[PDB]
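This document opens with one chain alone, in structure tokens, the form deposited in one PDB entry.
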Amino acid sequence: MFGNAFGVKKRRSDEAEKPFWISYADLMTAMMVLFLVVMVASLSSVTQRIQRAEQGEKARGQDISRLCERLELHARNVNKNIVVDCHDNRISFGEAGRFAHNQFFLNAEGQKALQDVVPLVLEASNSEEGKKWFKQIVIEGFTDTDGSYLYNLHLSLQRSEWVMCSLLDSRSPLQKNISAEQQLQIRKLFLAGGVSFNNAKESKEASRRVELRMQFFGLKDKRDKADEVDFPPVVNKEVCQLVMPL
């Protein structure tokens, strides 16, 4: 009967977010971040030696690729006969390097290409990339498994000896375009010898070929100085001992 019309009531005051839940979300996010970053740091620490070795391997690959590309660019510029396989470090003279049956010489193009490529490879090896990663050059010999074994071995050995003669025989056209230091460098960077058997090609005429396969230091080799030897200055011109007239 005598109620107060002016009695007021509090509004619909919705409460705030409970601070615990947002703080807990903050803490859980911080913990998730901590575990992520600790995993990243730990994995980067355990494998840092592996990472450094892989980086060095990639750098060696880049240097070798650059040197091979420079050498093959020089070959393309100078002589079309010289084709370079940078994938597996092979110098090929396919058409000019064919060997007929039971002979160890080559046509004129074989010698032209060989005596043309030797100075180019010497120049490549004399560069800083060569002075850091280039070892001596291996002459590749190939023989088939048919017939008498030792006849094929003797044929390949005579082919290698003929290649080395042609590189370092008197009156050769290369000898007229060479200096003493370059001749010494050829003597140091080249060894003649090596035989192999393979069945990766469809024709037996392919095995009758010669190739240049340069090989490089490993990452942990790093040009052991004690391995290098020395030769005296040339006192008399070299003479090939294979039977040229045959």
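Sequential numbering from 1, following the sequence displayed. Here the rigid core means the biggest group of C-alpha atoms that line up within 1.5 Å when the two forms are laid on top of each other.
Form deposited in another entry: not shown, discussed below.
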After rigid core alignment between the shown form and the other one, the listed option with CA shift of 2 Å or more out of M39, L191, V195, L219 is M39
Notebook entry, point to check: Does the distance between the two CA positions of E69 reach 2 Å or more between the shown form and the other one, the core being superposed?
Noted result: no
So with the core overlaid, does the Cα of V234 end up 2 Å or more away between the shown form and the other one? no
C-alpha of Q111: shift of 2 angstroms or more between the shown form and the other one, rigid core aligned? no
Under comparison with the form shown, the C-alpha atoms of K222 and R70 in the other form shift by 3 angstroms or more, placing them farther
Assert for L73-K222 (C-alpha, 3 Å or more) in the other form vs reference form: pair farther
